[PDB]
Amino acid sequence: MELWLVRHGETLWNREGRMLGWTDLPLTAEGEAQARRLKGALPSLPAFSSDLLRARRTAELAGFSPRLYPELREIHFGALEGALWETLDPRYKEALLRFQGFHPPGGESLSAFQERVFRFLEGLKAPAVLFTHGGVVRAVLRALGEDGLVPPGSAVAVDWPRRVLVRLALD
């Protein structure tokens, strides 16, 4: 099933390199610029969005009025929320780099994150645009056997759960 996944526009923690999960940060001015550029570049399909501000605002600026779902949220980093990637203990760094065996104290395990995300995707009855987060887009791309890193304010379309269709980035 055709699904478009949008990584929300940038927040301060992108340039700062801090782990951004459930911390509800707003978009930066450039983040809004990115979100606005998506208007007219995404298909007219039912829209769903993470309920976190940065996602919702991206969907709004993108000319959409999505139905909010917490299931589309970035992974919950727990105690690692706000920590600099640079200072993360190697065990966590490796876990995140290899996308496996990640269980932050007070947070959500990668396994639970994937289950949550994939269960939501399974429930979709028809093509739709999903305003979400880098980790969600990554989980989906990796499951489809490809590198999962995409720029803020960019999107990817996939034929779930079979293959990636296109990656769209704007300048």
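A residue's number is simply how far along the shown sequence it sits, counting from 1.
- Once the C-alpha B-factors are averaged per stretch, 10-18 and 148-156 rank with 10-18 first.
- The stretch with the higher mean CA B factor, choosing between 72-80 and 97-105, is 97-105.
- The entry lists C-alpha B-factors for 125, 116, 54, 138, and the highest of these is at 125.
- Across 110, 33, 121, 130, the entry's maximum B-factor at the CA atom is seen for 33.
- When all modelled residues of the chain are sorted by CA temperature factor, residue 170 is found within the highest third.
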